[PDB]
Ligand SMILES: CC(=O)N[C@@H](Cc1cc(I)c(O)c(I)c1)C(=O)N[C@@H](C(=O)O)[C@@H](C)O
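Encoded as structure tokens, the following chain is the form solved without the named molecule, with no partner shown.
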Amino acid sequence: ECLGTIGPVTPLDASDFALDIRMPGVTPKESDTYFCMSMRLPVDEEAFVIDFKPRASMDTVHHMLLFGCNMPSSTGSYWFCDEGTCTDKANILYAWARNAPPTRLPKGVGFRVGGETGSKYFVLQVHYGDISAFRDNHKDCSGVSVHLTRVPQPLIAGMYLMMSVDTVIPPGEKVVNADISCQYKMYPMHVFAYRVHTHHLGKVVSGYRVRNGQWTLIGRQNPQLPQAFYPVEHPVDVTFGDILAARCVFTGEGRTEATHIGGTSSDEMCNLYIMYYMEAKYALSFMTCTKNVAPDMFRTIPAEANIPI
């Protein structure tokens, strides 16, 4: 339901408030439409996102993503996310999927936003399935209600993003692996959730911690399943010295030409989002690995990584 006269900010008490990030009453025209809109933070000072409540129409919406960045891709009420999400790095905060339980942030854990260094904008992206539901010209206000607090949290949430850049998938080629590997060189993080992302050619995605050549599974998923954040079975600590490794398995069957990494639907991606927390005084909010520093290491990758559901 659209807010109107009350607007998007609800004070929860002296130092907390709910921020409602909603579509400005939109009516799509085709199936598989991707809409985006941004909101600036109401506070300039630092703040912590400690909760997320999904406000989606159970019929219309397929998935929703929420990002933090400093330069949203465009001005304007809303836009097609083909124009982009953010010009700077979009830091994914939250994913809601239809047939997938979003899991809560553990208590005492929050994303750091605002201030001199934190994100100054939220970007919401809403993916609409069919318009068999808005066959009455409904304007839509779906989105996410975010819980913000100025109370510094004992543990800070973050994102370790593994992504391929150089993958090339030859047409009809049965199996192409994209491998990603960096060494972890920060204070300890604890992984509590993961999301995988791939386009139509991805069969399986897997992320491991490697410690003295010992593969410890973080997350393994079919990227053709809803792309939510799934919780980690057993919270996995990654510590200075470990190596994070990831593998996407691809096929080029049904393809006339080669497929590479890129933005469009006819391109591919190999993205594993590892959501972690750290002790506040050690914490950083985002790390990225785009290299493959131990290609020879992948010879001892568990078989599971090569076989799908």
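Residue numbers run from 1 along the displayed sequence. So that the term is clear: the rigid core is the largest set of C-alpha atoms that superpose within 1.5 Å between two forms.
*Asks:* Superpose by the rigid core: which stretch, 149 to 157 or 69 to 77, shows more Cα shift in 6 other deposited structures of this protein?
*Replies:* Looking at 69 to 77 and 149 to 157 in 6 other deposited structures of this protein, the bigger mover is 69 to 77.
*Asks:* Core-aligned, RMS over all structures and residues: is 199 to 207 or 136 to 144 the stretch with the greater C-alpha displacement in 6 other deposited structures of this protein?
*Replies:* It is 136 to 144 whose C-alphas lie farther from the shown form in 6 other deposited structures of this protein.
Same protein, other form: the form deposited with the named molecule bound, not shown, and the subject of what follows.
*Asks:* Quick one: of 145, 216, 77, 103, which gets a non-hydrogen atom within 4.5 angstroms of the named molecule in the bound PDB entry?
*Replies:* By the 4.5 Å criterion, the partner-contacting residue is 145.
*Asks:* Residue 13 near the named molecule in the bound PDB entry, any heavy atom under 4.5 Å?
*Replies:* Contact with the named molecule, yes.
*Asks:* Residue 138 versus the named molecule, in the bound PDB entry: is there a non-hydrogen atom within 4.5 Å?
*Replies:* No, no contact at 4.5 Å.
*Asks:* Quick one: does residue 32 come within 4.5 Å of the named molecule in the bound PDB entry, counting heavy atoms only?
*Replies:* No.
*Asks:* Hey, in the bound PDB entry, is residue 59 touching the named molecule, heavy atoms inside 4.5 Å?
*Replies:* No - in the bound PDB entry, heavy atoms of residue 59 and the named molecule never come within 4.5 Å of each other.
*Asks:* With the partner removed from view, which of 116 to 124, 173 to 181, 159 to 167, 217 to 225 is the stretch that lies within 4.5 Å of the named molecule in the bound PDB entry, judged by heavy atom distances?
*Replies:* Among the candidates, contact is made by 159 to 167.
*Asks:* Any chance 18, 90 and 261 all have a heavy atom within 4.5 Å of the named molecule in the bound PDB entry?
*Replies:* Spot residues vs the named molecule: full contact, yes.
*Asks:* Pick out the residues of 194 to 216 whose heavy atoms come within 4.5 Å of the named molecule in the bound PDB entry.
*Replies:* 195, 197 sit within 4.5 Å of the partner.
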